[PDB]
Amino acid sequence: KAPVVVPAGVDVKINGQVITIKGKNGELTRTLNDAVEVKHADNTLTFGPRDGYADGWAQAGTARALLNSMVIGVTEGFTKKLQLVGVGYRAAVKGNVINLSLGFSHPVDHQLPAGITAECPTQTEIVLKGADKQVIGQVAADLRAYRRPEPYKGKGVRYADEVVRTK
Amino acid sequence: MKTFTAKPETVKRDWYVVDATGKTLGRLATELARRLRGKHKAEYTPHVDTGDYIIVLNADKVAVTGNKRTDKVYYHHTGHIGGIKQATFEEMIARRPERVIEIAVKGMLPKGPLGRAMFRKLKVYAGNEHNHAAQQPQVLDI
Amino acid sequence: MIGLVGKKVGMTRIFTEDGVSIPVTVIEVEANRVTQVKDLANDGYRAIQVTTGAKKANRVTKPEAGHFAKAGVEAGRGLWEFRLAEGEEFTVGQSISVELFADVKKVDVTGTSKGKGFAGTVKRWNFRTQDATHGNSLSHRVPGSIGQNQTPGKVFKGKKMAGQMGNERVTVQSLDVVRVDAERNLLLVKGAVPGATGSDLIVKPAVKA
RNA sequence: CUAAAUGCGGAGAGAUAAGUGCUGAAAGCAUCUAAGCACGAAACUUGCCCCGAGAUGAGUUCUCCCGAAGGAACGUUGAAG
RNA sequence: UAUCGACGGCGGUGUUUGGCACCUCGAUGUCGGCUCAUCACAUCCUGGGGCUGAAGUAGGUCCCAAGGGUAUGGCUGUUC
RNA sequence: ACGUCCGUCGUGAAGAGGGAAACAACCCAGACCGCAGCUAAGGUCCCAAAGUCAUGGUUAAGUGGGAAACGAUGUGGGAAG
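Chains as they are written, first to last, in the UniProt record's numbering: chain A, 6 to 172; chain B, 1 to 142; chain C, 1 to 209.
Quick look at the structure:
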């Protein structure tokens, strides 16, 4: 059993295999179904199976991690800061598609998954914030992925790329 | 030696039901499928139709043995090999029941051999009394 | 009435002031008696008849609808006496071409192109021919190569060859309707129309003109 | 009738491998995996054309019919053979 | 350790050759070519990738993969 | 080398019957006829006669065993510093 205390600005309610966390930033509902019973104590969320098998500890390490993740994503939130760079032709990054990358006539794009905001001010910094973590991390990774030289041209010579400043 | 009634066996066509509700699914494979060619009447021979359409009450509650689960698997599909396996679990296809107690009493054709014909006879479906609503003729109860 | 149908009579022409002289295919479009209409559904990609509408059946027309809204409905054909029709069934089934057909209107006419037995690769699926001296070598309509690598002495199923045909459906689009005239209620279609004379061809308001 | 003649012969959609990643333990770190998950091959499935109720889940519809409904035989010719 | 790669060691295949000779030995018309049908892969490319003594271009080598395409001619009966 | 060539012995040849999926020499075992009973080999979820038997443990690969030299924190058990 691994008791997980909940912040003063966090309210969690559970009904069966469904756990809902509420707060300021928003709400996140997740389902944890396994050979364990997750219950919420007035001051702490408890997770404790009956057996201590290896596989049982595996689901225990992820469960606690997921819960703690739902807590931070409600009080603080998930946001990644990225910056664009280019020595030569300025890469115009728009909320739709990036153009003039290294001088290529054709635009490189990627579909924005789920519902997160990627507001990009006319400068060097851009922000991708959302409620889901697996989403804000994918979109941020793909944005740099496409900035990766497809042809057989090594790095160093091609600086142009929008890397993530902070995780 | 020869004793056949006029063509065919449809006028005054017989019919029989069972209680799909509760009981082994094994001893439900036999019967039903024996009500067809040679229902057990002096009107068999064998070369013309006989298939005596049967009815299934409820096919959802029909529980299996309390041991065998993801033990038995059914391979359903056709076409090229080494592609789509489509291997689902029994109590997974239970989302029905429409294609279950008809997948059985279906494996005995054996291979045309008159059996294709044998299928539209019975009408598998989950429910109860108001299920036999469809098809409207006299009434029994085995 | 998604469209009408007639029988190919032959090919003529009409010189109209506007536009310019152009051959026209005469098609006999007449009285029909559609008793019912069969609707097909697109399960994956295998046609299947959903239901059939009789002189009076709201239980089938309802399913027909909605399914159309789902865009799952396939081509529509209805039990007819002479030729097809759609909304014509609901009325009485009895109708004339004059009821459905206007001229100068664009329409899509599809039909099965015109038994010819076995044919040569060329006369067959349009295979070209031995141009150059290749023709001089009197090897006109022959691929010259049943298949690569003599061993296998086999011809890749792909490697198209000769075979049987006749006894292909094609839907030519943008077919202007010159006019409806002749000894009998017919239709004048601009250009040519797939299939031989007497063949059954259908009409349909040009999807895009 | 033919050819050294002429008109016609898609796109698109769906799914894995190599591989690229996500979340994440066993080893409270890390990790593409071990459970789970997002993508990802001219080929594969489909589209499309052709055959097909002997398509063994062996079809559908309408009408006629159980002493008279219907049907075979013939004659004159083929858009047929 | 891009690439080439000895000495030595350990193996797979059985297309070559050698061996044995267990089988056939109560007879299944030769070689080459041609014509026509099916199968396989130790992929020469197309497709997707790794490395480079990879600037680019053009190549070299290697991996997954055989779906398709892998197809021809001049001299010689001739298979080099 | 389903090789040649010796020796001892049991068999193939007159070993039927039974098991081994099928099988000349591998295992058990060696026959008058008819009848009852009990066993051998082997087998006891179904086809197939007989337990889907009891206690305990391991494997997940369906491994159900050509499969080699060689390799292996896939996983389980035991002992030693």
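Just so it is clear, CB atoms sit at the ideal spot from N, CA and C, and this is done for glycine as well.
With respect to the C-alpha of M1(C), the residue from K123(C), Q148(C) and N32(C) having the closest C-alpha is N32(C). At the C-beta level, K121(B) and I54(B) come within 8 Å of one another. The three-state secondary structure of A47(C), taken from DSSP, is strand.
Scanning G159(A), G108(A), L50(A) and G100(A) for the CA closest to the CA of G93(A) turns up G108(A). The three-state reading of DSSP puts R69(B) in coil, since its state is none of H, G, I, E or B.
Straight across, the Cα-Cα distance linking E86(C) with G78(C) is about 7 Å. Sequence-distant partners of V107(C) (beyond 5 residues in either direction) whose C-beta falls short of 7 Å from its own C-beta, in its chain, are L175, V177, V203, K204, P205 and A206.
If you look at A59(A), you'll find it isn't in any beta strand (DSSP E); it sits in the alpha helix (DSSP H) that goes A59 to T80. By a beta-carbon distance limit of 8 Å, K86(A) does not contact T25(A). Their separation comes to about 29 Å.
Annotation for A46(A): the continuous beta strand (DSSP E) segment containing it runs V43 to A46. In the structure shown, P156(A) falls within a coil segment according to DSSP collapsed to helix, strand and coil. Exclusion of the five residues before and after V34(C) leaves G78, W80, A85, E88, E89 and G93 as the residues of its chain whose Cβ lies within less than 6 Å of its Cβ. Taking the Cα positions, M1(B) is about 27 Å away from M118(B).
Per DSSP, the continuous beta strand (DSSP E) segment holding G163(C) begins and ends at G163 to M165. Annotated three-state conformation of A123(A) is coil, per DSSP.
Each residue's CA atom was taken as its position, placing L188(C) and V26(C) some 5 Å apart. Residue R27(B) holds the alpha-carbon nearest to the alpha-carbon of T65(B) among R27(B), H132(B) and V124(B).
Note on geometry: alpha-carbon atoms of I146(C) and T129(C) lie some 15 Å from one another. Taking the CA atoms as reference points, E98(B) sits about 26 Å from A65(C).
Annotation: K160(A) to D16(A) spans about 48 Å, alpha carbon to alpha carbon. Proximity to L201(C) across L186(C), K208(C) and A209(C) peaks at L186(C), based on C-alpha coordinates. Here DSSP, grouped into helix, strand and coil, assigns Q130(C) to coil. Here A20(B) really is in contact with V56(B); their C-beta atoms are around 5 Å apart, less than 8 Å. Inclusion of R35(A) and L71(A) in the CB contact set at 8 Å is warranted, their separation being smaller than that value. Around the CB of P143(C), 16 or more other CB atoms lie within 10 Å, so the residue is classed as buried.
Counted as a single uninterrupted DSSP element, the stretch harbouring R59(C) is not any beta strand (DSSP E) but the alpha helix (DSSP H) occupying residues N58 to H67. Our two residues, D43(C) and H67(C), have alpha carbons roughly 11 Å apart in a direct line.
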